[PDB]
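Structure below is run-v2.txt: compact mmCIF, N, CA, C and O atoms and all ligand atoms.
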# COMPACT_ATOMS: atom_id res chain seq x y z
N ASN A 158 0.81 -1.22 0.00
CA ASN A 158 0.00 0.00 0.00
C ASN A 158 0.85 1.28 0.00
O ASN A 158 0.32 2.37 0.22
N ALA A 159 2.16 1.16 -0.24
CA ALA A 159 3.06 2.30 -0.06
C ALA A 159 3.87 2.57 -1.32
O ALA A 159 4.34 1.65 -1.99
N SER A 160 4.06 3.85 -1.61
CA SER A 160 4.91 4.27 -2.71
C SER A 160 6.01 5.16 -2.16
O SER A 160 5.77 6.00 -1.29
N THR A 161 7.22 4.94 -2.63
CA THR A 161 8.38 5.68 -2.14
C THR A 161 8.98 6.45 -3.29
O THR A 161 9.18 5.89 -4.38
N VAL A 162 9.27 7.73 -3.06
CA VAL A 162 9.98 8.51 -4.05
C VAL A 162 11.15 9.21 -3.38
O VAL A 162 11.19 9.36 -2.16
N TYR A 163 12.09 9.64 -4.20
CA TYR A 163 13.36 10.20 -3.74
C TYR A 163 13.47 11.63 -4.23
O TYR A 163 13.27 11.91 -5.41
N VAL A 164 13.72 12.56 -3.32
CA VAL A 164 13.73 13.98 -3.62
C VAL A 164 15.12 14.53 -3.29
O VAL A 164 15.46 14.71 -2.12
N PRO A 165 15.96 14.76 -4.29
CA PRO A 165 17.21 15.48 -4.03
C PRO A 165 16.94 16.78 -3.30
O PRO A 165 16.15 17.61 -3.77
N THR A 166 17.63 16.99 -2.20
CA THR A 166 17.32 18.14 -1.35
C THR A 166 18.61 18.71 -0.81
O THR A 166 19.45 17.97 -0.29
N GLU A 167 18.77 20.02 -0.97
CA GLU A 167 19.90 20.72 -0.39
C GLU A 167 20.18 20.17 1.00
O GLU A 167 19.27 20.07 1.83
N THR A 168 21.44 19.80 1.25
CA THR A 168 21.79 19.18 2.52
C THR A 168 21.59 20.13 3.70
O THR A 168 21.34 19.67 4.82
N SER A 169 21.67 21.46 3.50
CA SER A 169 21.41 22.34 4.62
C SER A 169 19.94 22.47 4.96
O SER A 169 19.64 23.10 5.98
N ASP A 170 19.04 21.95 4.12
CA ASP A 170 17.61 21.95 4.39
C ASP A 170 17.28 20.73 5.24
O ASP A 170 17.24 19.62 4.71
N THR A 171 17.00 20.96 6.52
CA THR A 171 16.66 19.90 7.47
C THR A 171 15.17 19.90 7.83
O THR A 171 14.78 19.22 8.78
N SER A 172 14.34 20.62 7.08
CA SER A 172 12.93 20.80 7.44
C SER A 172 12.08 19.58 7.17
O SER A 172 10.94 19.50 7.67
N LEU A 173 12.58 18.68 6.32
CA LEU A 173 11.89 17.47 5.89
C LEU A 173 10.60 17.82 5.14
O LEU A 173 9.59 17.12 5.25
N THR A 174 10.65 18.89 4.37
CA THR A 174 9.54 19.31 3.54
C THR A 174 9.69 18.71 2.15
O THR A 174 10.72 18.91 1.50
N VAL A 175 8.64 18.04 1.66
CA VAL A 175 8.53 17.65 0.25
C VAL A 175 7.24 18.26 -0.26
O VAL A 175 6.16 17.96 0.27
N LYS A 176 7.36 19.16 -1.23
CA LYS A 176 6.19 19.77 -1.85
C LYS A 176 5.63 18.82 -2.90
O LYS A 176 6.38 18.26 -3.71
N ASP A 177 4.32 18.56 -2.81
CA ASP A 177 3.72 17.55 -3.67
C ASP A 177 2.32 17.90 -4.15
O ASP A 177 1.63 17.03 -4.73
N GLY A 178 1.88 19.15 -4.01
CA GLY A 178 0.56 19.54 -4.48
C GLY A 178 -0.54 19.34 -3.48
O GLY A 178 -1.66 19.83 -3.69
N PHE A 179 -0.26 18.68 -2.37
CA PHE A 179 -1.23 18.39 -1.35
C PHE A 179 -0.83 19.06 -0.05
O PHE A 179 0.31 19.49 0.13
N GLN A 180 -1.81 19.18 0.84
CA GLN A 180 -1.60 19.73 2.17
C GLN A 180 -1.55 18.61 3.21
O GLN A 180 -2.24 17.59 3.09
N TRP A 181 -0.79 18.89 4.26
CA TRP A 181 -0.36 17.91 5.23
C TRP A 181 -0.43 18.50 6.63
O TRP A 181 -0.31 19.70 6.82
N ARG A 182 -0.62 17.62 7.60
CA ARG A 182 -0.55 17.97 9.01
C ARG A 182 0.54 17.10 9.60
O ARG A 182 0.43 15.86 9.59
N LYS A 183 1.61 17.73 10.07
CA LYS A 183 2.67 16.95 10.71
C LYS A 183 2.19 16.52 12.08
O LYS A 183 1.86 17.37 12.91
N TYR A 184 2.19 15.21 12.35
CA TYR A 184 1.73 14.72 13.63
C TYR A 184 2.79 13.99 14.43
O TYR A 184 2.55 13.69 15.61
N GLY A 185 3.96 13.72 13.86
CA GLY A 185 4.93 12.93 14.59
C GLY A 185 6.34 13.16 14.10
O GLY A 185 6.56 13.61 12.97
N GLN A 186 7.29 12.86 14.98
CA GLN A 186 8.70 12.92 14.63
C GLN A 186 9.44 11.86 15.41
O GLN A 186 9.23 11.72 16.62
N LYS A 187 10.31 11.13 14.73
CA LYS A 187 11.07 10.05 15.36
C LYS A 187 12.55 10.31 15.16
O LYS A 187 12.98 10.62 14.04
N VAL A 188 13.33 10.17 16.23
CA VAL A 188 14.79 10.25 16.17
C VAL A 188 15.36 8.95 16.70
O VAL A 188 14.94 8.49 17.77
N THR A 189 16.37 8.41 16.00
CA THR A 189 16.90 7.05 16.17
C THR A 189 18.39 7.06 15.87
O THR A 189 18.87 7.89 15.10
N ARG A 190 19.13 6.11 16.47
CA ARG A 190 20.59 6.06 16.30
C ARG A 190 21.05 5.52 14.95
O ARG A 190 22.18 5.79 14.55
N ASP A 191 20.22 4.72 14.25
CA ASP A 191 20.58 4.20 12.93
C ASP A 191 20.46 5.23 11.81
O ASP A 191 21.05 5.03 10.74
N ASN A 192 19.70 6.30 11.99
CA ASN A 192 19.75 7.40 11.06
C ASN A 192 20.10 8.67 11.82
O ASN A 192 19.41 9.02 12.79
N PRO A 193 21.14 9.42 11.41
CA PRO A 193 21.52 10.62 12.17
C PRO A 193 20.46 11.72 12.12
O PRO A 193 20.70 12.82 12.63
N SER A 194 19.30 11.45 11.52
CA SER A 194 18.36 12.49 11.13
C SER A 194 16.92 12.06 11.36
O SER A 194 16.57 10.89 11.15
N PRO A 195 16.05 12.98 11.79
CA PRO A 195 14.71 12.58 12.18
C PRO A 195 13.87 12.14 11.00
O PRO A 195 14.14 12.43 9.84
N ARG A 196 12.84 11.39 11.34
CA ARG A 196 11.77 11.04 10.43
C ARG A 196 10.53 11.83 10.82
O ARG A 196 10.15 11.85 12.00
N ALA A 197 9.91 12.49 9.83
CA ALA A 197 8.70 13.27 10.02
C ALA A 197 7.51 12.49 9.50
O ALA A 197 7.59 11.85 8.44
N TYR A 198 6.41 12.56 10.25
CA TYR A 198 5.18 11.83 9.96
C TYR A 198 4.05 12.81 9.70
O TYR A 198 3.77 13.69 10.53
N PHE A 199 3.37 12.63 8.58
CA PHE A 199 2.31 13.56 8.19
C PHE A 199 1.07 12.79 7.83
O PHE A 199 1.15 11.67 7.32
N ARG A 200 -0.08 13.42 8.04
CA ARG A 200 -1.33 12.91 7.49
C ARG A 200 -1.92 13.99 6.59
O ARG A 200 -1.69 15.19 6.77
N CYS A 201 -2.59 13.53 5.54
CA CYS A 201 -3.21 14.44 4.60
C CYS A 201 -4.16 15.38 5.33
O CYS A 201 -4.85 14.99 6.27
N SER A 202 -4.24 16.63 4.85
CA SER A 202 -5.21 17.58 5.38
C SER A 202 -6.66 17.14 5.23
O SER A 202 -7.51 17.64 5.97
N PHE A 203 -6.97 16.24 4.29
CA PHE A 203 -8.32 15.73 4.16
C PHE A 203 -8.61 14.56 5.12
O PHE A 203 -9.70 13.99 5.07
N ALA A 204 -7.66 14.18 5.96
CA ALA A 204 -7.95 13.19 7.00
C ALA A 204 -9.10 13.69 7.88
O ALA A 204 -9.20 14.88 8.16
N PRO A 205 -9.95 12.79 8.39
CA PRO A 205 -9.91 11.33 8.24
C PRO A 205 -10.57 10.82 6.97
O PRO A 205 -10.43 9.64 6.68
N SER A 206 -11.27 11.69 6.22
CA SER A 206 -11.89 11.26 4.97
C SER A 206 -10.87 10.62 4.03
O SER A 206 -11.15 9.59 3.41
N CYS A 207 -9.71 11.23 3.90
CA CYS A 207 -8.58 10.73 3.12
C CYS A 207 -7.62 9.97 4.02
O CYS A 207 -7.20 10.51 5.05
N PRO A 208 -7.25 8.75 3.66
CA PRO A 208 -6.38 7.94 4.52
C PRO A 208 -4.89 8.11 4.28
O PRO A 208 -4.11 7.40 4.93
N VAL A 209 -4.47 9.02 3.41
CA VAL A 209 -3.07 9.03 3.02
C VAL A 209 -2.20 9.49 4.18
O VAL A 209 -2.48 10.49 4.85
N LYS A 210 -1.08 8.79 4.35
CA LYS A 210 -0.02 9.18 5.26
C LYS A 210 1.28 9.34 4.49
O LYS A 210 1.48 8.75 3.43
N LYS A 211 2.17 10.16 5.03
CA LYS A 211 3.40 10.53 4.36
C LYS A 211 4.48 10.55 5.42
O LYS A 211 4.25 11.09 6.50
N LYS A 212 5.62 9.90 5.14
CA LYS A 212 6.76 9.86 6.04
C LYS A 212 7.96 10.35 5.23
O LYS A 212 8.13 9.97 4.07
N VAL A 213 8.78 11.22 5.84
CA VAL A 213 9.91 11.84 5.14
C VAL A 213 11.14 11.75 6.03
O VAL A 213 11.08 12.05 7.23
N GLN A 214 12.25 11.32 5.45
CA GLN A 214 13.52 11.17 6.17
C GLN A 214 14.65 11.20 5.15
O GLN A 214 14.49 10.72 4.03
N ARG A 215 15.80 11.72 5.56
CA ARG A 215 16.97 11.60 4.71
C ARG A 215 17.31 10.14 4.49
O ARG A 215 17.22 9.31 5.40
N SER A 216 17.73 9.85 3.28
CA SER A 216 18.30 8.55 2.98
C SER A 216 19.59 8.34 3.75
O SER A 216 20.47 9.19 3.77
N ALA A 217 19.74 7.14 4.32
CA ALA A 217 20.99 6.74 4.95
C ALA A 217 21.98 6.17 3.93
O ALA A 217 23.11 5.85 4.29
N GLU A 218 21.55 6.00 2.70
CA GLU A 218 22.43 5.52 1.65
C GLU A 218 22.99 6.69 0.86
O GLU A 218 24.19 6.74 0.55
N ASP A 219 22.13 7.63 0.51
CA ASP A 219 22.53 8.82 -0.24
C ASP A 219 21.95 10.02 0.49
O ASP A 219 20.80 10.39 0.25
N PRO A 220 22.71 10.64 1.39
CA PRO A 220 22.14 11.72 2.21
C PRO A 220 21.81 12.98 1.44
O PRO A 220 21.30 13.93 2.06
N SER A 221 22.06 13.03 0.14
CA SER A 221 21.59 14.14 -0.68
C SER A 221 20.12 14.00 -1.02
O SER A 221 19.54 14.92 -1.61
N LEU A 222 19.51 12.86 -0.68
CA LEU A 222 18.11 12.60 -0.97
C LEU A 222 17.26 12.56 0.29
O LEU A 222 17.64 11.95 1.30
N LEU A 223 16.06 13.14 0.19
CA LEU A 223 14.96 12.78 1.07
C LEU A 223 14.20 11.60 0.49
O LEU A 223 13.99 11.51 -0.72
N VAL A 224 13.82 10.69 1.37
CA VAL A 224 12.95 9.58 1.02
C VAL A 224 11.57 9.98 1.50
O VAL A 224 11.38 10.23 2.70
N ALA A 225 10.61 10.04 0.58
CA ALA A 225 9.22 10.30 0.92
C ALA A 225 8.41 9.05 0.63
O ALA A 225 8.37 8.57 -0.51
N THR A 226 7.75 8.54 1.66
CA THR A 226 6.96 7.32 1.53
C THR A 226 5.52 7.67 1.77
O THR A 226 5.19 8.28 2.79
N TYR A 227 4.66 7.33 0.81
CA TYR A 227 3.24 7.63 0.90
C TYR A 227 2.50 6.32 1.06
O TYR A 227 2.74 5.38 0.29
N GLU A 228 1.61 6.28 2.04
CA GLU A 228 0.70 5.15 2.28
C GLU A 228 -0.69 5.54 1.81
O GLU A 228 -1.24 6.58 2.22
N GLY A 229 -1.26 4.74 0.93
CA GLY A 229 -2.59 5.05 0.45
C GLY A 229 -2.56 5.96 -0.76
O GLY A 229 -1.52 6.42 -1.22
N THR A 230 -3.77 6.19 -1.30
CA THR A 230 -3.98 7.08 -2.44
C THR A 230 -5.00 8.13 -2.03
O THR A 230 -5.96 7.82 -1.31
N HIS A 231 -4.81 9.38 -2.46
CA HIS A 231 -5.77 10.42 -2.12
C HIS A 231 -7.13 10.20 -2.79
O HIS A 231 -7.21 9.95 -4.00
N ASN A 232 -8.21 10.37 -2.02
CA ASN A 232 -9.55 10.22 -2.57
C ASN A 232 -10.18 11.57 -2.93
O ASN A 232 -11.39 11.77 -2.81
N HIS A 233 -9.34 12.50 -3.36
CA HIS A 233 -9.77 13.87 -3.62
C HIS A 233 -8.70 14.55 -4.47
O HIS A 233 -7.56 14.09 -4.54
N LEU A 234 -9.09 15.68 -5.07
CA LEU A 234 -8.15 16.54 -5.79
C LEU A 234 -7.25 17.33 -4.85
O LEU A 234 -7.59 17.62 -3.71
N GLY A 235 -6.06 17.68 -5.34
CA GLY A 235 -5.10 18.41 -4.55
C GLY A 235 -5.57 19.82 -4.24
O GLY A 235 -6.00 20.54 -5.14
N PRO A 236 -5.50 20.25 -2.97
CA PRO A 236 -6.00 21.58 -2.61
C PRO A 236 -5.07 22.74 -2.93
O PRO A 236 -5.48 23.92 -2.80
N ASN A 237 -3.83 22.47 -3.33
CA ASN A 237 -2.87 23.54 -3.64
C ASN A 237 -3.03 23.94 -5.10
O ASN A 237 -2.16 23.71 -5.94
N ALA A 238 -4.19 24.54 -5.39
CA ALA A 238 -4.49 25.08 -6.71
C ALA A 238 -5.48 26.22 -6.56
O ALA A 238 -5.89 26.89 -7.53
ZN ZN B 1 -5.52 13.20 0.73
Let me see whether you can do it: turn the structure in this file into structure tokens.
Ligand SMILES: [Zn+2]
Amino acid sequence: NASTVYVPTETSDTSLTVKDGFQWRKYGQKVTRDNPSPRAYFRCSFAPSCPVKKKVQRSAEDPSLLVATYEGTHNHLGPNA
């Protein structure tokens, strides 16, 4: 149920923001010793009607990339228009 994409991101940008046409509510953050960098947890602004969740973290393989993982598919059009 998950799709992962890779977003090259300036290394000085630690905000864990991936712009994707949709709106998000950040609800969680995880910090762990296996990644030097936090993981941010978001739910779609159309929650609970929309089930999509989004997790963003720097790649531990290529730290020039953010890894954005989306769970679910949006059941609505993107509100950033
Ligand atoms: Zn949605």
When DSSP works through the backbone of this structure, what residues of chain A end up as strand (DSSP E or B), shown as a PyMOL selection string?
chain A and resi 159-165+181-187+196-201+210-215+222-228
Ligand ZN 1 (chain B) neighbours within 6 Å using all atoms listed in the file, as a PDB file with N, CA, C and O atoms, in the frame of the given file:
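This is the output file pocket02.pdb:
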ATOM      1  N   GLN A 180      -1.810  19.180   0.840  1.00  0.00           N
ATOM      2  CA  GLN A 180      -1.600  19.730   2.170  1.00  0.00           C
ATOM      3  C   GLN A 180      -1.550  18.610   3.210  1.00  0.00           C
ATOM      4  O   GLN A 180      -2.240  17.590   3.090  1.00  0.00           O
ATOM      5  N   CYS A 201      -2.590  13.530   5.540  1.00  0.00           N
ATOM      6  CA  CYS A 201      -3.210  14.440   4.600  1.00  0.00           C
ATOM      7  C   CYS A 201      -4.160  15.380   5.330  1.00  0.00           C
ATOM      8  O   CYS A 201      -4.850  14.990   6.270  1.00  0.00           O
ATOM      9  N   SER A 202      -4.240  16.630   4.850  1.00  0.00           N
ATOM     10  CA  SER A 202      -5.210  17.580   5.380  1.00  0.00           C
ATOM     11  C   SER A 202      -6.660  17.140   5.230  1.00  0.00           C
ATOM     12  O   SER A 202      -7.510  17.640   5.970  1.00  0.00           O
ATOM     13  N   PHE A 203      -6.970  16.240   4.290  1.00  0.00           N
ATOM     14  CA  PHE A 203      -8.320  15.730   4.160  1.00  0.00           C
ATOM     15  C   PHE A 203      -8.610  14.560   5.120  1.00  0.00           C
ATOM     16  O   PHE A 203      -9.700  13.990   5.070  1.00  0.00           O
ATOM     17  N   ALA A 204      -7.660  14.180   5.960  1.00  0.00           N
ATOM     18  CA  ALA A 204      -7.950  13.190   7.000  1.00  0.00           C
ATOM     19  C   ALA A 204      -9.100  13.690   7.880  1.00  0.00           C
ATOM     20  O   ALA A 204      -9.200  14.880   8.160  1.00  0.00           O
ATOM     21  N   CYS A 207      -9.710  11.230   3.900  1.00  0.00           N
ATOM     22  CA  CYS A 207      -8.580  10.730   3.120  1.00  0.00           C
ATOM     23  C   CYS A 207      -7.620   9.970   4.020  1.00  0.00           C
ATOM     24  O   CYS A 207      -7.200  10.510   5.050  1.00  0.00           O
ATOM     25  N   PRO A 208      -7.250   8.750   3.660  1.00  0.00           N
ATOM     26  CA  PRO A 208      -6.380   7.940   4.520  1.00  0.00           C
ATOM     27  C   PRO A 208      -4.890   8.110   4.280  1.00  0.00           C
ATOM     28  O   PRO A 208      -4.110   7.400   4.930  1.00  0.00           O
ATOM     29  N   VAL A 209      -4.470   9.020   3.410  1.00  0.00           N
ATOM     30  CA  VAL A 209      -3.070   9.030   3.020  1.00  0.00           C
ATOM     31  C   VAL A 209      -2.200   9.490   4.180  1.00  0.00           C
ATOM     32  O   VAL A 209      -2.480  10.490   4.850  1.00  0.00           O
ATOM     33  N   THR A 230      -3.770   6.190  -1.300  1.00  0.00           N
ATOM     34  CA  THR A 230      -3.980   7.080  -2.440  1.00  0.00           C
ATOM     35  C   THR A 230      -5.000   8.130  -2.030  1.00  0.00           C
ATOM     36  O   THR A 230      -5.960   7.820  -1.310  1.00  0.00           O
ATOM     37  N   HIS A 231      -4.810   9.380  -2.460  1.00  0.00           N
ATOM     38  CA  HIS A 231      -5.770  10.420  -2.120  1.00  0.00           C
ATOM     39  C   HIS A 231      -7.130  10.200  -2.790  1.00  0.00           C
ATOM     40  O   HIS A 231      -7.210   9.950  -4.000  1.00  0.00           O
ATOM     41  N   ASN A 232      -8.210  10.370  -2.020  1.00  0.00           N
ATOM     42  CA  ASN A 232      -9.550  10.220  -2.570  1.00  0.00           C
ATOM     43  C   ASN A 232     -10.180  11.570  -2.930  1.00  0.00           C
ATOM     44  O   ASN A 232     -11.390  11.770  -2.810  1.00  0.00           O
ATOM     45  N   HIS A 233      -9.340  12.500  -3.360  1.00  0.00           N
ATOM     46  CA  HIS A 233      -9.770  13.870  -3.620  1.00  0.00           C
ATOM     47  C   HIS A 233      -8.700  14.550  -4.470  1.00  0.00           C
ATOM     48  O   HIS A 233      -7.560  14.090  -4.540  1.00  0.00           O
TER      49      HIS A 233
END
Near-stretch 214-225 of chain A list (8 Å; all atoms listed in the file; drop same-chain fewer than 3 positions) as a JSON list (two decimals) with N, CA, C and O atoms, in the coordinates of the input:
[["chain", "number", "residue", "atom", "x", "y", "z"],
["A", 159, "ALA", "N", 2.16, 1.16, -0.24],
["A", 159, "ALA", "CA", 3.06, 2.30, -0.06],
["A", 159, "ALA", "C", 3.87, 2.57, -1.32],
["A", 159, "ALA", "O", 4.34, 1.65, -1.99],
["A", 160, "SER", "N", 4.06, 3.85, -1.61],
["A", 160, "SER", "CA", 4.91, 4.27, -2.71],
["A", 160, "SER", "C", 6.01, 5.16, -2.16],
["A", 160, "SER", "O", 5.77, 6.00, -1.29],
["A", 161, "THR", "N", 7.22, 4.94, -2.63],
["A", 161, "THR", "CA", 8.38, 5.68, -2.14],
["A", 161, "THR", "C", 8.98, 6.45, -3.29],
["A", 161, "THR", "O", 9.18, 5.89, -4.38],
["A", 162, "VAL", "N", 9.27, 7.73, -3.06],
["A", 162, "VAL", "CA", 9.98, 8.51, -4.05],
["A", 162, "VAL", "C", 11.15, 9.21, -3.38],
["A", 162, "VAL", "O", 11.19, 9.36, -2.16],
["A", 163, "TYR", "N", 12.09, 9.64, -4.20],
["A", 163, "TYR", "CA", 13.36, 10.20, -3.74],
["A", 163, "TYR", "C", 13.47, 11.63, -4.23],
["A", 163, "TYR", "O", 13.27, 11.91, -5.41],
["A", 164, "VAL", "N", 13.72, 12.56, -3.32],
["A", 164, "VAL", "CA", 13.73, 13.98, -3.62],
["A", 164, "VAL", "C", 15.12, 14.53, -3.29],
["A", 164, "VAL", "O", 15.46, 14.71, -2.12],
["A", 165, "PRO", "N", 15.96, 14.76, -4.29],
["A", 165, "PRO", "CA", 17.21, 15.48, -4.03],
["A", 165, "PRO", "C", 16.94, 16.78, -3.30],
["A", 165, "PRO", "O", 16.15, 17.61, -3.77],
["A", 166, "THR", "N", 17.63, 16.99, -2.20],
["A", 166, "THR", "CA", 17.32, 18.14, -1.35],
["A", 166, "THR", "C", 18.61, 18.71, -0.81],
["A", 166, "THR", "O", 19.45, 17.97, -0.29],
["A", 167, "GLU", "N", 18.77, 20.02, -0.97],
["A", 167, "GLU", "CA", 19.90, 20.72, -0.39],
["A", 167, "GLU", "C", 20.18, 20.17, 1.00],
["A", 167, "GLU", "O", 19.27, 20.07, 1.83],
["A", 168, "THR", "N", 21.44, 19.80, 1.25],
["A", 168, "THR", "CA", 21.79, 19.18, 2.52],
["A", 168, "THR", "C", 21.59, 20.13, 3.70],
["A", 168, "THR", "O", 21.34, 19.67, 4.82],
["A", 169, "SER", "N", 21.67, 21.46, 3.50],
["A", 169, "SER", "CA", 21.41, 22.34, 4.62],
["A", 169, "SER", "C", 19.94, 22.47, 4.96],
["A", 169, "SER", "O", 19.64, 23.10, 5.98],
["A", 170, "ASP", "N", 19.04, 21.95, 4.12],
["A", 170, "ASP", "CA", 17.61, 21.95, 4.39],
["A", 170, "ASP", "C", 17.28, 20.73, 5.24],
["A", 170, "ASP", "O", 17.24, 19.62, 4.71],
["A", 173, "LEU", "N", 12.58, 18.68, 6.32],
["A", 173, "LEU", "CA", 11.89, 17.47, 5.89],
["A", 173, "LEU", "C", 10.60, 17.82, 5.14],
["A", 173, "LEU", "O", 9.59, 17.12, 5.25],
["A", 174, "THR", "N", 10.65, 18.89, 4.37],
["A", 174, "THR", "CA", 9.54, 19.31, 3.54],
["A", 174, "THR", "C", 9.69, 18.71, 2.15],
["A", 174, "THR", "O", 10.72, 18.91, 1.50],
["A", 175, "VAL", "N", 8.64, 18.04, 1.66],
["A", 175, "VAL", "CA", 8.53, 17.65, 0.25],
["A", 175, "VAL", "C", 7.24, 18.26, -0.26],
["A", 175, "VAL", "O", 6.16, 17.96, 0.27],
["A", 187, "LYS", "N", 10.31, 11.13, 14.73],
["A", 187, "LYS", "CA", 11.07, 10.05, 15.36],
["A", 187, "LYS", "C", 12.55, 10.31, 15.16],
["A", 187, "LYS", "O", 12.98, 10.62, 14.04],
["A", 191, "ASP", "N", 20.22, 4.72, 14.25],
["A", 191, "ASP", "CA", 20.58, 4.20, 12.93],
["A", 191, "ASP", "C", 20.46, 5.23, 11.81],
["A", 191, "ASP", "O", 21.05, 5.03, 10.74],
["A", 192, "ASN", "N", 19.70, 6.30, 11.99],
["A", 192, "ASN", "CA", 19.75, 7.40, 11.06],
["A", 192, "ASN", "C", 20.10, 8.67, 11.82],
["A", 192, "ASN", "O", 19.41, 9.02, 12.79],
["A", 193, "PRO", "N", 21.14, 9.42, 11.41],
["A", 193, "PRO", "CA", 21.52, 10.62, 12.17],
["A", 193, "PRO", "C", 20.46, 11.72, 12.12],
["A", 193, "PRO", "O", 20.70, 12.82, 12.63],
["A", 194, "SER", "N", 19.30, 11.45, 11.52],
["A", 194, "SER", "CA", 18.36, 12.49, 11.13],
["A", 194, "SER", "C", 16.92, 12.06, 11.36],
["A", 194, "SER", "O", 16.57, 10.89, 11.15],
["A", 195, "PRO", "N", 16.05, 12.98, 11.79],
["A", 195, "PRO", "CA", 14.71, 12.58, 12.18],
["A", 195, "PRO", "C", 13.87, 12.14, 11.00],
["A", 195, "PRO", "O", 14.14, 12.43, 9.84],
["A", 196, "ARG", "N", 12.84, 11.39, 11.34],
["A", 196, "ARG", "CA", 11.77, 11.04, 10.43],
["A", 196, "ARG", "C", 10.53, 11.83, 10.82],
["A", 196, "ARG", "O", 10.15, 11.85, 12.00],
["A", 197, "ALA", "N", 9.91, 12.49, 9.83],
["A", 197, "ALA", "CA", 8.70, 13.27, 10.02],
["A", 197, "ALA", "C", 7.51, 12.49, 9.50],
["A", 197, "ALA", "O", 7.59, 11.85, 8.44],
["A", 198, "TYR", "N", 6.41, 12.56, 10.25],
["A", 198, "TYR", "CA", 5.18, 11.83, 9.96],
["A", 198, "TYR", "C", 4.05, 12.81, 9.70],
["A", 198, "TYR", "O", 3.77, 13.69, 10.53],
["A", 210, "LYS", "N", -1.08, 8.79, 4.35],
["A", 210, "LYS", "CA", -0.02, 9.18, 5.26],
["A", 210, "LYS", "C", 1.28, 9.34, 4.49],
["A", 210, "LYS", "O", 1.48, 8.75, 3.43],
["A", 211, "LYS", "N", 2.17, 10.16, 5.03],
["A", 211, "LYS", "CA", 3.40, 10.53, 4.36],
["A", 211, "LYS", "C", 4.48, 10.55, 5.42],
["A", 211, "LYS", "O", 4.25, 11.09, 6.50],
["A", 228, "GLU", "N", 1.61, 6.28, 2.04],
["A", 228, "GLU", "CA", 0.70, 5.15, 2.28],
["A", 228, "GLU", "C", -0.69, 5.54, 1.81],
["A", 228, "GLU", "O", -1.24, 6.58, 2.22]]
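Closest approach to residue A:182 among A:213, A:226, A:206, A:200 is made by A:200 (distances from only C-alpha atoms).
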Could you check how far atom C of residue A:199 sits from atom O of residue A:236, in Å to one decimal?
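If I compute the distance from atom C of residue A:199 to atom O of residue A:236, I get 16.7 Å.
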For the atom pair atom O of residue A:185 and atom O of residue A:212, what is the interatomic distance in Å to one decimal place?
9.7 Å
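Taking atom CA of residue A:227 as the reference point, atom CA of residue A:189 is found at 20.5 Å.
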If the box runs along x, y and z of the file and leaves 6 Å on each side of stretch 213-219 of chain A, what are its centre and edge lengths in Å, one decimal, as lines of an AutoDock Vina configuration file?
center_x = 16.5
center_y = 8.8
center_z = 3.5
size_x = 27.4
size_y = 18.5
size_z = 19.5
